[PDB]
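K.L.:
Here's a structure for you.
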Number of protein chains: 2
Amino acid sequence: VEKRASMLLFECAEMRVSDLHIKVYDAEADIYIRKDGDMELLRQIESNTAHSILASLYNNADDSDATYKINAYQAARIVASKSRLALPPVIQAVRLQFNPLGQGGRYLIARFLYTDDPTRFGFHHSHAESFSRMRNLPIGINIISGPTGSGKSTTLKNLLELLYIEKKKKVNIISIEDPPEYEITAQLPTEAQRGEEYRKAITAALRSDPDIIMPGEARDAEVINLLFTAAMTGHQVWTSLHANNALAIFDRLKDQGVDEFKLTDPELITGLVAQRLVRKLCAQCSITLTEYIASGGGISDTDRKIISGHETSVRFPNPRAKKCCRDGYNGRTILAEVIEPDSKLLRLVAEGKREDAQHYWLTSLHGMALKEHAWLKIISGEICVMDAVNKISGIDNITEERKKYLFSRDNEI
Amino acid sequence: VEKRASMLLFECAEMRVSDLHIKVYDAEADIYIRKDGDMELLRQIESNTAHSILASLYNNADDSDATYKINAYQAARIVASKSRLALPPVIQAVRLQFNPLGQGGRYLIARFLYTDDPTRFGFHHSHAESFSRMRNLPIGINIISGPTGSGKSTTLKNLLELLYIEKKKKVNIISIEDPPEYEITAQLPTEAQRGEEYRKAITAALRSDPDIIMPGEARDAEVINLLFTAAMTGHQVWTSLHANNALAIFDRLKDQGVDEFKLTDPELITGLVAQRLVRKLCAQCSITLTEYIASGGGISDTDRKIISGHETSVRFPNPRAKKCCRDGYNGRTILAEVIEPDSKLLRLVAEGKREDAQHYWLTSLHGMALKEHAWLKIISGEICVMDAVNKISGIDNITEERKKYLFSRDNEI
Ligand SMILES: Nc1ncnc2c1ncn2[C@@H]1O[C@H](COP(=O)(O)OP(=O)(O)NP(=O)(O)O)[C@@H](O)[C@H]1O
Ligand SMILES: Nc1ncnc2c1ncn2[C@@H]1O[C@H](COP(=O)(O)OP(=O)(O)NP(=O)(O)O)[C@@H](O)[C@H]1O
Ligand SMILES: [Zn+2]
Ligand SMILES: [Zn+2]
């Protein structure tokens, strides 16, 4: 019945979830919700009710092909102002994909787009100092890189407010984003139609004086090729894409076809930022290493190298679900690294060395790696080592001399 | 009502503005005018009158598609001799772009093209000496580079008069420019139709004996490819494009597809000029550092390195809006750099080094960087440091030894 689906959607929206998974195995249907950063088994409904609510949810979507096509793959969107299922106000539009599984089974995936202090949410103080120098440059291009759940839009919206405040209304702030994101400056709104509308918006934005162009989700090769022209025309661009390690971004640019000469300019590129999101331990509900191993403590051999020398400073999630917080995790913090481009650093990458350029950036430019930033928060006890290893790789490969140098700078400040 | 729009346009034209912005937020509409180089909040009109005047202005344009299309993006032009809104005589034609914003909101942008002592408006004396040698060469190609509001057309018109006077009518001066610009020698006048007309004009100009061809706004790859042939045929070309730093121009040429061998000739290229426009402080209404910090003086830490050693010579804008001038700013001066091409300098760029070619130009050729020219005027107190930092980047990165050498040459002359 459609009312059961409406109630499930309403109770799922208010739970602050990321993604919704519904799996059908022809005997029971499992519900999964990505609470914080991981999915959890919510409930197991029966098959007939699951099929009924799936059909009701698909038929109430504004995009339909007048058939369900169980054997085929389906995709649809549900938008605001056209919904008969009493859509909650905390969501504007969602996308839902139906995938067949096994014999007469379904796999519904929903992305659940939501609506929504000055700076340094989880960034290091060096990152904040670098951002201050980055915001003062009148021209250039900056890249924000990370996975799908890396919180790029939140960082862009936070930087936009700082740019708006600091410039004292001496520049024009125009931003283009088809899905609205709470309150934000000027904001501008099939797959082919959406791509054509995005192309028209990005080719009409340059007609006006852009100053700061503020695009989003540079997905097409021609779009980013046009964007790079405006980057060197004398504008400033703040865009985000999907990448990792803060150095494979140039590989993505070369895959898109931006040529070698455009990326050799140190003046054009102004900074690279790579960020990940990891669960943050509760400060009130925390236990030490001895208290953790006293009650079913299991720690791998490779992890003991990370916590070596700082056993007391580390913290672990608190079990038994006390009155404070929910499960020992409050929010989700950011582990980020920022690279300031240089002539020699860009020349090394342009030669395709992929080795000793990272060493040059880490030593000469006094940069900090993502693994180093993760280890620094591990020492401080802000996050758990178990989630840090599962989210960030190569943490155990940091040398002791590097660890001492990282700890000395944090201790002296 | 159309009369309110006509009155607003008339009072905006006489105010000597650059661009016009109208933003609609469905409750009030904000008006912004780019006085000098920055926009300022003019007024907040109500929504219904704003929509009425926008509709009246769009319907009076000579280009229309018989619909407003609020949800879509629109662009139009208003030309002379066809206008029912009593167009002021100080403008020939304007272009106006309509952009949707939010829900039922508009974003009007207007470029406001205007109509309009021998030399050295704001250039250095070395720039004037280099221009004298540049004007005596019978063949070659020169490039003027800068952002949209860099005043390239004014510099080209100023150089054209010097070329006309100095040659004593021994050469033929032909210039091609579709929008007329006050009085100027011979002047020659959808987007596809305009491009085809420009192509026809540039392919018919070479039919006559060009001597000095004087083009404008080299925007197409085929147009500049044809222009480079006439450059090496034995003519002289004075064109302008959008670039920065006086060295990324070659990157723009390679993006347009001019090949490596055409740019390796030292005889072909005759000079590169990169200019920016910055607000100039009033000489009568000026205050020192102590007087500025005595009344709400806020200076960043990085700025104190620039003003180090020359605190008394620097000047700041004078508040309280005295009887003289308007707001302490009179006009807008030019910060420019000129690079004379050389065989080794062009060979270094042709190898794609992007490093030590700037050092070779700065040391061996005795050139002056844009940041160096900005710092020289900062020391003299002609312009404010706050605008110089916001318009020119990397000023604080100049070494002390370079500063001493720059100051010695200015002091000895
Ligand atoms: N301090 C924080 N930093 C980053 N993200 C946070 C923070 N706090 C909460 N979030 C999450 O940021 C999310 C906002 O959406 P966001 O992750 O920025 O979109 P996105 O990264 O572009 N994902 P996608 O569009 O699929 O690539 C919210 O769901 C929050 O759970
Ligand atoms: N000494 C000066 N030097 C340069 N420009 C000046 C000077 N004085 C005034 N101006 C401005 O020069 C402008 C003339 O238009 P101009 O800036 O040359 O067109 P443009 O640079 O080609 N812009 P665009 O066509 O959009 O690329 C006037 O608006 C003046 O405000
Ligand atoms: Zn707690
Ligand atoms: Zn004055």
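Chain lettering (A, B, ...) mirrors the order of the structure tokens, residue numbering begins at 1 for each chain separately, and ligand numbering begins at 1 in order of display.
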Hey, could you make a per-residue contact list for chain A against chain B with 6 Å as the cut-off, showing the nearest pair of atoms and its distance in Å to one decimal, counting only C-alpha atoms, sorted by chain and number, as a Markdown table?
P.N.:
```
| residue | atom | partner | partner_atom | distance |
| --- | --- | --- | --- | --- |
| A:137 | CA | B:393 | CA | 5.7 |
| A:170 | CA | B:38 | CA | 5.1 |
| A:188 | CA | B:101 | CA | 5.4 |
| A:233 | CA | B:243 | CA | 5.4 |
| A:234 | CA | B:147 | CA | 5.4 |
```
K.L.:
Would you put the residues from that selection into a file with N, CA and C atoms, as a compact mmCIF listing (two decimals), in the first residue's frame?
P.N.:
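Final file, part_2.txt:
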```txt
# COMPACT_ATOMS: atom_id res chain seq x y z
N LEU A 137 43.98 35.46 -4.18
CA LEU A 137 44.41 35.50 -5.57
C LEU A 137 43.23 35.82 -6.47
N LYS A 170 33.09 43.83 -3.58
CA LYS A 170 33.84 44.44 -4.67
C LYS A 170 33.91 43.56 -5.91
N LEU A 188 22.34 29.81 -9.57
CA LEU A 188 21.71 29.52 -10.85
C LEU A 188 21.38 28.03 -10.95
N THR A 233 41.48 33.12 -19.02
CA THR A 233 41.04 34.40 -19.57
C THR A 233 41.23 35.53 -18.56
N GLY A 234 41.23 35.21 -17.27
CA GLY A 234 41.35 36.23 -16.25
C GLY A 234 40.28 36.14 -15.18
```
K.L.:
Per residue of chain B within 7 Å of ligand 4, note the shortest atom pair and the distance in Å to one decimal, counting only C-alpha atoms and all ligand atoms, and order the rows by chain and increasing residue number, as CSV.
P.N.:
```
residue,atom,partner,partner_atom_place_in_ligand_line,distance
B:282,CA,ligand 4,1 (Zn),4.8
B:283,CA,ligand 4,1 (Zn),6.5
B:284,CA,ligand 4,1 (Zn),4.8
B:285,CA,ligand 4,1 (Zn),4.0
B:322,CA,ligand 4,1 (Zn),6.9
B:324,CA,ligand 4,1 (Zn),4.0
B:325,CA,ligand 4,1 (Zn),4.1
B:326,CA,ligand 4,1 (Zn),6.8
B:328,CA,ligand 4,1 (Zn),5.0
```
K.L.:
Write a file of the selected residues as a compact mmCIF listing (two decimals), in the first residue's frame, keeping N, CA and C atoms.
P.N.:
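Once everything was written out, this is result_27.txt:
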```
# COMPACT_ATOMS: atom_id res chain seq x y z
N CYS B 282 43.36 60.00 -5.12
CA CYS B 282 43.35 61.44 -5.33
C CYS B 282 44.59 62.07 -4.70
N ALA B 283 45.26 62.94 -5.45
CA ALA B 283 46.44 63.62 -4.92
C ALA B 283 46.08 64.63 -3.85
N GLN B 284 44.96 65.35 -4.03
CA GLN B 284 44.53 66.32 -3.03
C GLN B 284 43.99 65.65 -1.77
N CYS B 285 43.20 64.59 -1.92
CA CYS B 285 42.59 63.89 -0.80
C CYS B 285 43.40 62.63 -0.53
N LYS B 322 35.19 64.57 1.12
CA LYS B 322 35.43 66.01 1.11
C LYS B 322 34.94 66.64 -0.20
N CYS B 324 36.62 68.08 -2.65
CA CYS B 324 37.36 67.64 -3.82
C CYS B 324 36.92 66.24 -4.24
N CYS B 325 37.05 65.98 -5.55
CA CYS B 325 36.74 64.71 -6.23
C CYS B 325 35.41 64.11 -5.79
N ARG B 326 35.29 62.79 -5.83
CA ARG B 326 34.05 62.11 -5.46
C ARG B 326 34.20 61.25 -4.22
N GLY B 328 37.68 60.05 -3.21
CA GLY B 328 39.10 59.84 -3.08
C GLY B 328 39.75 59.14 -4.25
```
K.L.:
Return the single residue from A:151, A:210, A:118, A:140 that is closest to residue 332 (chain A), with distances computed using only C-alpha atoms.
P.N.:
A:151
K.L.:
If you count only C-alpha atoms, which residues fall within 9 Å of residue 115 (chain B), apart from same-chain ones fewer than 4 positions away, as a list in words?
P.N.:
residues 89, 90, 91, 92, 180, 181, 182 and 183 of chain B
K.L.:
Have a look at A:198, A:238, A:164, A:228 and name the one nearest to residue 134 (chain A); count only C-alpha atoms.
P.N.:
A:238
K.L.:
Could you jot down the CA of residue 236 (chain B) to CA of residue 199 (chain B) separation for me, Å, one decimal place?
P.N.:
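These two atoms are separated by 18.9 Å.
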K.L.:
Name the residues in contact with region 397-401 of chain B at a cut-off of 9 Å, using only C-alpha atoms, excluding same-chain residues fewer than 5 positions from it; report them as a PDB file with N, CA, C and O atoms, in the first residue's frame.
P.N.:
```
ATOM      1  N   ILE B 306      55.224  44.748   2.218  1.00  0.00           N
ATOM      2  CA  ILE B 306      55.277  45.602   1.035  1.00  0.00           C
ATOM      3  C   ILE B 306      55.626  47.034   1.420  1.00  0.00           C
ATOM      4  O   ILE B 306      56.466  47.677   0.777  1.00  0.00           O
ATOM      5  N   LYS B 371      54.246  42.798 -11.309  1.00  0.00           N
ATOM      6  CA  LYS B 371      54.298  42.991  -9.865  1.00  0.00           C
ATOM      7  C   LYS B 371      55.317  44.060  -9.490  1.00  0.00           C
ATOM      8  O   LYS B 371      55.084  44.857  -8.574  1.00  0.00           O
ATOM      9  N   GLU B 372      56.456  44.086 -10.187  1.00  0.00           N
ATOM     10  CA  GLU B 372      57.456  45.121  -9.949  1.00  0.00           C
ATOM     11  C   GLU B 372      56.927  46.509 -10.290  1.00  0.00           C
ATOM     12  O   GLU B 372      57.164  47.464  -9.539  1.00  0.00           O
ATOM     13  N   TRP B 375      54.563  47.506  -7.533  1.00  0.00           N
ATOM     14  CA  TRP B 375      55.287  47.895  -6.328  1.00  0.00           C
ATOM     15  C   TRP B 375      55.940  49.264  -6.476  1.00  0.00           C
ATOM     16  O   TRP B 375      56.014  50.020  -5.499  1.00  0.00           O
ATOM     17  N   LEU B 406      65.138  47.831  -8.160  1.00  0.00           N
ATOM     18  CA  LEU B 406      64.042  48.585  -8.761  1.00  0.00           C
ATOM     19  C   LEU B 406      64.024  50.026  -8.270  1.00  0.00           C
ATOM     20  O   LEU B 406      63.793  50.953  -9.056  1.00  0.00           O
TER      21      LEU B 406
END
```
K.L.:
Could you name the residues that touch residue 132 (chain B) at 12 Å or less, counting only C-alpha atoms, but leaving out those on the same chain fewer than 3 positions away, as an NGL selection string?
P.N.:
:B and (119-120 or 125-129 or 135-137 or 159 or 162-163 or 166 or 271)
K.L.:
Show me which residues line ligand 2, defined as having an atom within 7 Å of a ligand atom where only C-alpha atoms and all ligand atoms count, and present them as a PyMOL selection string.
P.N.:
chain B and resi 18+36+116+121-122+147-155+277+331-334
K.L.:
What residues in region 204-340 of chain A get the DSSP label alpha helix (DSSP H)? Please answer as a PDB file with C-alpha atoms, in the first residue's frame.
P.N.:
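Below is the file that was written, selection_10.pdb:
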```pdb
ATOM      1  CA  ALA A 204      25.494  31.873 -20.763  1.00  0.00           C
ATOM      2  CA  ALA A 205      27.313  32.464 -17.464  1.00  0.00           C
ATOM      3  CA  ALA A 221      35.313  16.845 -21.312  1.00  0.00           C
ATOM      4  CA  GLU A 222      33.959  19.716 -23.418  1.00  0.00           C
ATOM      5  CA  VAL A 223      32.581  21.477 -20.323  1.00  0.00           C
ATOM      6  CA  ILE A 224      35.936  21.385 -18.534  1.00  0.00           C
ATOM      7  CA  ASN A 225      37.714  22.318 -21.783  1.00  0.00           C
ATOM      8  CA  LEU A 226      35.541  25.439 -22.002  1.00  0.00           C
ATOM      9  CA  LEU A 227      36.088  26.065 -18.275  1.00  0.00           C
ATOM     10  CA  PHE A 228      39.879  26.010 -18.678  1.00  0.00           C
ATOM     11  CA  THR A 229      39.641  28.783 -21.287  1.00  0.00           C
ATOM     12  CA  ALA A 230      37.781  31.031 -18.839  1.00  0.00           C
ATOM     13  CA  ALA A 231      40.288  30.033 -16.145  1.00  0.00           C
ATOM     14  CA  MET A 232      43.162  31.570 -18.127  1.00  0.00           C
ATOM     15  CA  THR A 233      41.043  34.396 -19.573  1.00  0.00           C
ATOM     16  CA  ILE A 249      43.646  14.775 -10.492  1.00  0.00           C
ATOM     17  CA  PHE A 250      46.073  15.624 -13.302  1.00  0.00           C
ATOM     18  CA  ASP A 251      45.590  12.093 -14.637  1.00  0.00           C
ATOM     19  CA  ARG A 252      41.838  12.757 -14.712  1.00  0.00           C
ATOM     20  CA  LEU A 253      42.473  16.040 -16.544  1.00  0.00           C
ATOM     21  CA  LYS A 254      44.657  14.267 -19.117  1.00  0.00           C
ATOM     22  CA  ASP A 255      41.954  11.610 -19.521  1.00  0.00           C
ATOM     23  CA  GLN A 256      39.455  14.397 -20.220  1.00  0.00           C
ATOM     24  CA  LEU A 289      43.234   1.019  25.174  1.00  0.00           C
ATOM     25  CA  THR A 290      43.186  -0.930  28.452  1.00  0.00           C
ATOM     26  CA  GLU A 291      39.436  -0.430  28.895  1.00  0.00           C
ATOM     27  CA  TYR A 292      38.868  -1.517  25.288  1.00  0.00           C
ATOM     28  CA  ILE A 293      40.961  -4.690  25.548  1.00  0.00           C
ATOM     29  CA  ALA A 294      39.416  -5.483  28.941  1.00  0.00           C
ATOM     30  CA  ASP A 301      49.128  -6.697  14.477  1.00  0.00           C
ATOM     31  CA  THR A 302      49.615  -3.962  11.859  1.00  0.00           C
ATOM     32  CA  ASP A 303      47.573  -1.499  13.946  1.00  0.00           C
ATOM     33  CA  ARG A 304      49.949  -1.789  16.926  1.00  0.00           C
ATOM     34  CA  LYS A 305      52.646  -0.060  14.860  1.00  0.00           C
ATOM     35  CA  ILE A 306      50.352   2.960  14.476  1.00  0.00           C
TER      36      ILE A 306
END
```
K.L.:
Please provide as a PyMOL selection string all residues within 10 Å of residue 6 (chain B), with the sequence filter that same-chain residues fewer than 6 positions apart are discarded (counting only C-alpha atoms).
P.N.:
chain B and resi 12+53+56-57+84-88
K.L.:
Please list as a PyMOL selection string every residue within 9 Å of residue 344 (chain A), counting only C-alpha atoms and excluding residues in the same chain fewer than 5 positions away.
P.N.:
(chain A and resi 266+349+357+360) or (chain B and resi 355)
K.L.:
So which bits of region 3-76 of chain B end up strand (DSSP E or B) when you DSSP the backbone, as a PyMOL selection string?
P.N.:
chain B and resi 17-24+28-35+38-46+74-76
K.L.:
Please indicate the distance in Å from atom 24 (P, counted along the ligand's line) of ligand 1 to CA of residue 54 (chain A), rounded to one decimal place.
P.N.:
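Between atom 24 (P, counted along the ligand's line) of ligand 1 and CA of residue 54 (chain A) the gap is 24.3 Å.
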K.L.:
So how far away is CA of residue 142 (chain B) from CA of residue 209 (chain B), in Å?
P.N.:
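Value for the CA of residue 209 (chain B)-CA of residue 142 (chain B) distance: 19.2 Å.
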K.L.:
Between A:27, A:307, A:94, A:376, which is the closest to ligand 1 once you count only C-alpha atoms and all ligand atoms?
P.N.:
A:94
